[PDB]
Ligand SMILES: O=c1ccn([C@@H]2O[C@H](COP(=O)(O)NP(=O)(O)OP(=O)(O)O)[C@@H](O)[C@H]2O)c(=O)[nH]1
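Only one chain is shown below, in structure tokens, and it's the form solved without the named molecule.
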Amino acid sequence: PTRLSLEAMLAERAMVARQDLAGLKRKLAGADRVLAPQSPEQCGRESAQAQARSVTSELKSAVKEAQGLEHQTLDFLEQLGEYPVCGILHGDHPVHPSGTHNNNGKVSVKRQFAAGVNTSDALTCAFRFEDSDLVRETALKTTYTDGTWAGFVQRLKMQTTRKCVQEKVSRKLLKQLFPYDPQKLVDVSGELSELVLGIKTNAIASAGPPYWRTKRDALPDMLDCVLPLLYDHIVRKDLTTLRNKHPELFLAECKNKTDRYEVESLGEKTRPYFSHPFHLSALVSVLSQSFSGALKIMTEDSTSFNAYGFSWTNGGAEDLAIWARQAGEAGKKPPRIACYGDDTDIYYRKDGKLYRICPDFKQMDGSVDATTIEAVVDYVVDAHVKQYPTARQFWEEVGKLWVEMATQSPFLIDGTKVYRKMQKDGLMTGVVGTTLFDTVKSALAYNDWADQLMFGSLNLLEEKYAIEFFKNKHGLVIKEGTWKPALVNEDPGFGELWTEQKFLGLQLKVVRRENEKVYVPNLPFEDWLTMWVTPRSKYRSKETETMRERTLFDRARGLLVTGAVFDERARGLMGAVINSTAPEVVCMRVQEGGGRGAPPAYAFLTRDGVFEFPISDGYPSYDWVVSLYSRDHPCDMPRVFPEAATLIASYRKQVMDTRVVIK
């Protein structure tokens, strides 16, 4: 015969074998397994499950009670009446699907505040392998929920009614604070379809009005129909006509963010965000994603305040330390200030000693003034049109759309009533460029702060005067008790911390590799525990037992990589989960991460955002994780089952020499 080679035949066999769970279970039985250093079992199977259910039951009652609270009026917003449903057709169907988001010809939405909380699987594991009291107390503080109406409206009010301060800012200043590589900018003078096809986004996210579908679902309608229509009115300078005739094309949706929330403040705090039309966000994303890819970060340019793009792996963690040590005496030499969104890392020296500040902004978006927003858009647009002047006028028009989306977009909340922010001031969270808008506003305030240090106002190192400064001079609210300068351990020993403070949600720590120091992320056990027992996903009954077991395995690998392996208790807990995962679940074919397993949830491991596990049946050992954060003495990801490949293929090669003598 001659159809396919035996080698190819073996390969095909291997591929279908990893989809046969019963086959994997049989063949991997009694196989040599790499076991993690796990914590001892603390209670039986049934006990752990019952304790987890008790917590879940209590959290569900707290959510239900808080969701029962009445919410304030929305009178703090301007009301615009009702919008007609978009009647634009694309071939054989309307872009606005019939029988959805339609109340008698008017666009409508309904906010969902479900009673269901996060799954109990991870919490069960916590009770199984850790202290009952600590697990219970930790789990009862936080829950993954839709939030509440009362907390939603309260938080919405806070960021749409705050008195802002217009920043004193120019292009020249932004060039100093946010340098970039012009050669990294996308050629926006190219054809628009190709540019739009280049932007990246969440395929599962809402495409907003008028699509009312996921982005991947609405993608042809956006590209083939609405976008050319939008383009035609832009270049003819006829947007008002399009706005007036098809208002849903410029309509946003104000949604409640499903998230981890503090139980005690459920009725006062639920974060709003705005979902804009797909065509608008995608068009603007050309500039926004181009610019963010060209931005220098602080560790590359000491004049930069920008942390937007910083990542921990590949020496990133140590780069932070090296950069921070360059901080000078307050009032004599420049400090070291890092801005990523509303998160800030400040370093200064006092009498030669390095101090670190990590303060929190309170609802920063409500403090972002219209001047800053316009200045950022102008800066981003100018950066491109200086590089590619032949396309200036088109992208300056897009810039105007951008500013409107960030400040004055009409939006739905619940029902048919259309609202609008009373003032331009205040950033509409969720708009494209949100992180940059926040980063610049923060950097501008901290730049002024640093200038006042050089002016001689050294009492701005103190919380009371610092908080007053940011409020009065920049309209920013620093949470009381979060401005606490800490003495930095500039050259930490093995197992020692940088400080106890967090930047981008993580502590900085030094661990041992051979005789060299490696800077790695770190958290207290209870912080790892909180993340672990509150996964960001609801109860789905379609999820089979196998999928749920695999999820625990993937999330455990995720936390370890993020730095849980560097905390002994967290290491032992994640180790228990891994060791408890069945062989067939470890070695089965998975879809997530391109067949390599779901990537960690933490978003700042790499700059491009995407972290890839080498293999889906891989074990995140201490040595391997350390290798991820060092500039490299590289390491393979060890397999949980070293003999998995041969056992699954039911064949291990043995050398058979043809050159042997016989007679």
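A residue's number is simply how far along the shown sequence it sits, counting from 1. Just so we're on the same page, rigid core means the largest C-alpha set that superposes within 1.5 Å between forms.
Just so you know, the form solved in complex with the named molecule exists too; it's not on screen, but the next bit is about it.
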>> Residue-level question: is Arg213 within 4.5 Å of the named molecule in the deposited complex, judged on heavy atoms?
In response: no
>> Would you classify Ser206 as touching the named molecule in the deposited complex, given a 4.5 Å non-hydrogen atom cut-off?
In response: no
>> Taking the named molecule as it sits in the deposited complex, is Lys479 near enough to touch it, meaning that at least one heavy atom pair lies within 4.5 angstroms?
In response: yes
> Contact between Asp369 and the named molecule in the deposited complex at 4.5 Å, heavy atoms?
Replying inline: no
> Using a 4.5 Å heavy atom cut-off, which stretch among 331-339, 359-367, 416-424, 303-311 contacts the named molecule in the deposited complex?
Replying inline: 359-367
> Pick from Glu584, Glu318, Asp221, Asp438: which has a non-hydrogen atom within 4.5 Å of the named molecule in the deposited complex?
Replying inline: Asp438
> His101, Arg571, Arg271, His276: which sits within 4.5 Å of the named molecule in the deposited complex by any heavy atom?
Replying inline: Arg271
> For the list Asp32, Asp636, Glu65, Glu41, which one shows a CA move of 2 Å or more between this form and the one not shown after the core is fit?
Replying inline: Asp636
